[PDB]
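Below: the structure, in structure tokens.
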Amino acid sequence: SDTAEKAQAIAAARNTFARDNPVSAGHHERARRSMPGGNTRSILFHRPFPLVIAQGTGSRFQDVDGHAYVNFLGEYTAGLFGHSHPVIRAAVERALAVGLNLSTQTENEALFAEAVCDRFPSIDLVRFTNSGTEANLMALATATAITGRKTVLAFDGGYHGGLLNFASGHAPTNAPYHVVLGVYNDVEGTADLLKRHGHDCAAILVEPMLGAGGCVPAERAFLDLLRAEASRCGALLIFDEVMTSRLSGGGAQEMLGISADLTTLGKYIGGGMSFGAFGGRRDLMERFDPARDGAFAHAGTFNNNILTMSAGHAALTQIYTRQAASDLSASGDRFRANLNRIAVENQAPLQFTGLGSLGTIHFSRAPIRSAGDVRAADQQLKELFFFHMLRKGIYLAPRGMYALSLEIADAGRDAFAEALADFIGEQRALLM
Amino acid sequence: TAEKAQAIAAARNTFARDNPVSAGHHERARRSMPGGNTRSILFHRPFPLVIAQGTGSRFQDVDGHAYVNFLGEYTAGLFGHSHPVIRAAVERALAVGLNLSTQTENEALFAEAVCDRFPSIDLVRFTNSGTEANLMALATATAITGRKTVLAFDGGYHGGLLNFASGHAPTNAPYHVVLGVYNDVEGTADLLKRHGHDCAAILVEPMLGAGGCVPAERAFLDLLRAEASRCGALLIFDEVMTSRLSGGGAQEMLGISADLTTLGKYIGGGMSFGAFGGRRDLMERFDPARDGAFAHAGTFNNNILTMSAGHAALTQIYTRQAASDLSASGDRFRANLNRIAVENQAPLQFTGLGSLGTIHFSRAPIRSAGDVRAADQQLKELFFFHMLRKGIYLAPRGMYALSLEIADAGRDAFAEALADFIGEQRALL
Ligand SMILES: Cc1ncc(COP(=O)(O)O)c(CN[C@@H](CC(=O)O)CC(C)C)c1O
Ligand SMILES: Cc1ncc(COP(=O)(O)O)c(CN[C@@H](CC(=O)O)CC(C)C)c1O
């Protein structure tokens, strides 16, 4: 729990950050005049104020006060390609040559859809959206319409987009689906909820690893329970792979040998352009065939926009192939293991959790299995870790998450590991 | 009618023989997407056209045929297919850097332009679509008021999770929505007496867009403004289409202020875009530094392509004066189309405002979803096919949305093809 001594250390770190970044401070005051709190994406705000970036290339960026950083945040997994990938750039140039806002289908949509279907083993048919939020809403829409049922089982700490935020329990802004929340990884508790609610369950919605909720892998016995009970009760199992799809050529489902009924996608698949998708079993997705009587409707001005169709096909087929996915996850597993070794050898009360190229620091010794474990870990030390990494020229999420891009190399990874050893040394007093 | 059914059979068959390369694309696209489709409004029988490329106001399909594009991406495509200023904005965004994972100055600059333009928007937040913008406005209203009921209108279209174009759709997000009749003062007053106490929001377009370019009458919008203030509901004007009609949208033209306003389409320069904005006191509930702040993340909300191209769109291309000029040009165009119908005693009209218009095969008043549905639907489909044969592309449902790239030759060609339709189909009219 919170102490005066940690608060004082945070106050000094905030004061140093403020004195070092006066141009960012002034941008925040101006931004407040047009956006609430100077903000249009809540996760970008942190106190005293966020850094404003001027420019970036490759894995690196520079803030408006002239400091340089390596970007380990990687746009919360969407920024797989760095800030200036030449193949992405060529795809943008091609989109512009085809033409913008053509108001009709192009072949580019079909080619992107075929790449997504080749790549993901339980997606027979796919439709594109403009966000992961839209992909998850459309999957819930599919489930409730098909089953005629209202109840949705999801999990505390689960994050499925702007209208489906359960990171801190029920949010008053959520779309008013009838959502029952379970505890992540809790076999017996979840089995009890499915016995009470199963018969009116339209859908079970779950990430195979909590992303925003702390990079907490799902355990097999938990995912097996969900898969078996969804089938038994006649609910659609929806795996939200908006973050986890990168973890192998075919995402977590290939790693697991477990198939969901629908799968949602987002982040890097559109080449860093706006993007989401929902897809799954043929018989479910065919309900969207507009030639069919009583077809479900799914419009959306930018669903098939040329920039996303072109960059996305390039991302999946020319850059982040299935082999590149295996190699990046192996690189990430080695990185994460090295960071935990540094913690263990120094007897530090911290660990990094995650899979492949995704991980999050948690200031705890306990196994990290559910949202409760994440919230019980020390939140002050997590904020102090954020400001420390900044001083060392390493940018990662305020909540302690990194997501390795393809542009991170040896020098970047070595600097992160060094910075961590330094944090442990310099903050030993607060780590008892 | 049997005679009209045969004319449609013949036109569908002729379209099919004209476009065998698009036919083969459709067979292949069915393999990976449901019905070969990722945006339902693009499908039409016997199959949709596939386009290969376009420049300015013109495109070419995969069979080689050229068209003037009068659809203009359902109002988003205001800049044509290759605007040099949009292109420069994309090049500047690439120079700044993609996926920078942080704020840049560009987002504040875009937001300043949006708040400057729209007279009831004190503060704004960006989304990735109009659908997201409307869902967040509903989230704001229900979360602030603590109430569940939303009044919307039959014919109304607010996005993929809020589609009332044919009444309640089974796929809509399960807000407790009550549907009135558009422009119906009596019936709508009644619904507000019954539901006012539990009403979080009144959600309404100042002109039905997808529902058929049907302008809202002043008495109807006055009713909604007065009742919303009386019962404590948030009035939400969905200006995703109508924002273009003046520099400050429909609200500037009307002198009526909604509590929240949703935006989309052309404002992000053609890039993915939506926004919700309004009264300062409502929007501050999203200040992330405030006590019990509402959360609104979204990976692409502040994306550099949208922020740069949208800033350019509002400040360099579609200025307040450009907006007045296009809407005037659009009013004169639509008047000419109606004069042609009138002079040829044709049983059709075009409804709309400024640069937006839709054909309806009826001479009755078009004031609600009922009136649009009652007009001849078979003649509407024949008209689409006929315009294609003349090298004019507009929506299957008979809507146009003039871009800045439409010029004298295109408008003249549209008008002559309308006159040709009336003469060639005289027997069915
Ligand atoms: C598992 C999962 N499922 C859905 C979403 C929503 O995707 P969009 O942000 O594209 O709407 C997300 C989005 N995650 C991030 C969105 C942002 O960076 O603004 C935010 C979270 C770290 C809270 C996700 O992680
Ligand atoms: C008044 C209004 N309000 C909200 C929306 C939703 O915008 P997004 O399609 O960008 O989500 C729309 C979008 N309508 C368009 C969607 C598309 O082109 O696929 C076209 C409609 C005729 C169905 C709108 O017209």
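Residue numbering restarts at 1 in every chain; chains get A, B, ... in the order shown in the structure tokens, and ligands count up from 1 in that same order.
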
TODO: Kindly work out which residues sit at most 7 Å from ligand 1, using only C-alpha atoms and all ligand atoms, and give the list as a list in words.
DONE: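 Listing the residues within 7 Å of ligand 1 gives residues 41, 43, 75, 76, 131, 132, 133, 134, 136, 159, 160, 161, 162, 207, 210, 211, 212, 240, 241, 242, 243, 266, 267, 275 and 276 of chain A; 297, 298, 299 and 300 of chain B.
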
Open item on the list: I need the contact residues of chain A against chain B, so if you could list those with any atom within 6 Å, counting only C-alpha atoms, and return them as a PyMOL selection string, that would help.
Closed with: chain A and resi 31+34-37+40-43+52-53+55-56+75+79+83-84+98-101+103+105-106+110+113-114+125-127+141+145+162+172-173+274+286+288-289+297-299+302

TODO: Report as number ranges by chain: the residues of region 35-217 of chain A with a DSSP assignment of strand (DSSP E or B), based on the backbone of this structure.
DONE: A: 52-57, 60-63, 68-71, 105, 125-129, 151-156, 159, 165, 167, 169, 178-183, 201-206, 209-210, 216-217

Task: Counting only C-alpha atoms and all ligand atoms, the option among B:404, B:340, B:356, B:417 closest to ligand 2 - done: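 Comparing B:404, B:340, B:356, B:417 against ligand 2, the winner is B:356.
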
Open item on the list: Which residue is closest to residue 296 (chain A)? Choose from A:174, A:334, A:146, A:270 and count only C-alpha atoms.
Closed with: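 Among the listed residues, A:146 lies closest to residue 296 (chain A).
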
Open item on the list: One number please: CA of residue 257 (chain A) to CA of residue 227 (chain A), in Å, one decimal.
Closed with: 11.2 Å
